[PDB]
Amino acid sequence: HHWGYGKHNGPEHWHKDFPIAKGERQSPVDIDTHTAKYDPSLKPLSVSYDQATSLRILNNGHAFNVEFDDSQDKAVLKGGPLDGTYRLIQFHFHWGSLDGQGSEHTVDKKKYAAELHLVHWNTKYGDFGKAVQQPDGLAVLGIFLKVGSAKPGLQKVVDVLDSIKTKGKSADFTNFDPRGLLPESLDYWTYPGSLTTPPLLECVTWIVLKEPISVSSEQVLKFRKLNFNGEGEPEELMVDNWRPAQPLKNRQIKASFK
Ligand SMILES: C[C@@H](NC(=O)c1ccc(Cl)c(S(N)(=O)=O)c1)c1ccccc1O
Ligand SMILES: C[C@H](NC(=O)c1ccc(Cl)c(S(N)(=O)=O)c1)c1ccccc1O
Ligand SMILES: [Zn+2]
């Protein structure tokens with residue numbers, strides 16, 4: 001009876017196995033755009049993905065991860081609110097059963113159809129497992145998805161999903177370029193938070209882009225054909241794998257833009 005997103009194992013239950021669920025810097029949050037403060041000291045975000053070496057895509061039973069070789073400084077995030085260099089380890093999404101929900105962060109209570117998380121670890125801690133034990137261990141670049149025109153840079157991901165329909169399936173996924181998932185603008189909001197999935201560790205500097213990307217209804221429909229279950233188990237679609245907004249508590253959200 002492990003954690004998941006259902007009535008009996010979903011977000012309202014997680015605190016029993018992971019008491020930090022009720023902690024002081026939990027994610028996601030609602031981004032109140034009028035309360036967020038413009039911070040002219042914030043730097044432009046530096047996203048240097050030219051040498052990203054994607055390796056594999058995995059259905060882990062909660063979402064799917066596009067994994068990267070993080071054994072060298074090849075795909076790194078710096079600048080913005082960050083001190084030092086953070087290396088890309090994986091990306092994944094959270095999405096809904098319907099276009100009106102799916103994002104984890106919200107903007108003035110608006111829910112997007114999905115949310116992309118590009119997960120990076122601080123190179124001062126040497127790898128991911130050590131980084132997650134530190135309050136400045138991770139930086140996640142969060143990007144909202146709305147349904148409209150297709151995102152051509154997403155299609156290579158969509159087309160491999162048939163091969164990882166079920167939990168524990170992986171496929172080689174090389175030469176994928178995550179630059180094709182970004183939006184024009186790197187304007188962002190930032191705040192200190194946590195993993196949005198168990199173990200919910202309070203180790204993340206969140207960097208949420210203001211500009212969503214557009215994906216087509218056909219693209220998100222293919223996300224919703226995935227399975228939480230492993231092969232030869234009763235079908236439970238892959239949908240609504242999002243944690244709701246958590247209390248902001250004693251935090252300030254800062255904006256990079258006026
Ligand atoms: C579900 C999946 N989670 C991640 O891989 C994950 C890692 C880092 C971050 Cl920062 C995030 S997030 N959503 O905050 O961006 C999610 C998972 C797999 C295996 C064990 C535990 C576990 O949580
Ligand atoms: C639709 C997809 N297209 C691209 O990945 C793609 C091709 C050219 C370009 Cl320029 C881009 S872009 N501008 O989004 O970075 C993206 C695709 C291209 C070739 C084979 C399979 C595919 O799914
Ligand atoms: Zn996530």
# chains A, B, ... in the order shown; residues from 1 in each chain; ligands from 1
$ residues_near_ligand --ligand "ligand 3" --cutoff "7 Å" --atoms "only C-alpha atoms and all ligand atoms" --output "count of residues only"
7
$ residues_near_ligand --ligand "ligand 2" --cutoff "10 Å" --atoms "only C-alpha atoms and all ligand atoms" --output "NGL selection string"
:A and (150-160 or 176-182)
$ residues_around --residues "segment 14-27 of chain A" --least-positions-apart "4" --cutoff "8 Å" --atoms "only C-alpha atoms" --output "PyMOL selection string"
chain A and resi 3+9-10+105+192-196+198-202+245-251
$ closest_residue --among "A:98, A:69, A:37, A:255" --to "residue 111 of chain A" --atoms "only C-alpha atoms"
A:98
$ closest_residue --among "A:163, A:217, A:241, A:51" --to "ligand 1" --atoms "only C-alpha atoms and all ligand atoms"
A:241
$ select_by_dssp --residues "segment 27-238 of chain A" --states "alpha helix (DSSP H)" --output "NGL selection string"
:A and (128-131 or 155-160 or 217-223)
$ select_by_dssp --residues "segment 9-234 of chain A" --states "strand (DSSP E)" --output "JSON, numbers by chain"
{"A": [30, 31, 37, 38, 45, 46, 47, 48, 54, 55, 56, 57, 58, 59, 64, 65, 66, 67, 68, 76, 77, 78, 79, 86, 87, 88, 89, 90, 91, 92, 93, 94, 95, 106, 107, 114, 115, 116, 117, 118, 119, 120, 121, 122, 138, 139, 140, 141, 142, 143, 144, 145, 146, 147, 170, 171, 172, 188, 189, 190, 191, 192, 193, 204, 205, 206, 207, 208, 209, 213, 214, 215]}
$ atom_distance --atom1 "atom CA of residue 189 of chain A" --atom2 "atom CA of residue 257 of chain A"
8.4 Å
$ closest_residue --among "A:110, A:167, A:124, A:225" --to "residue 31 of chain A" --atoms "only C-alpha atoms"
A:110
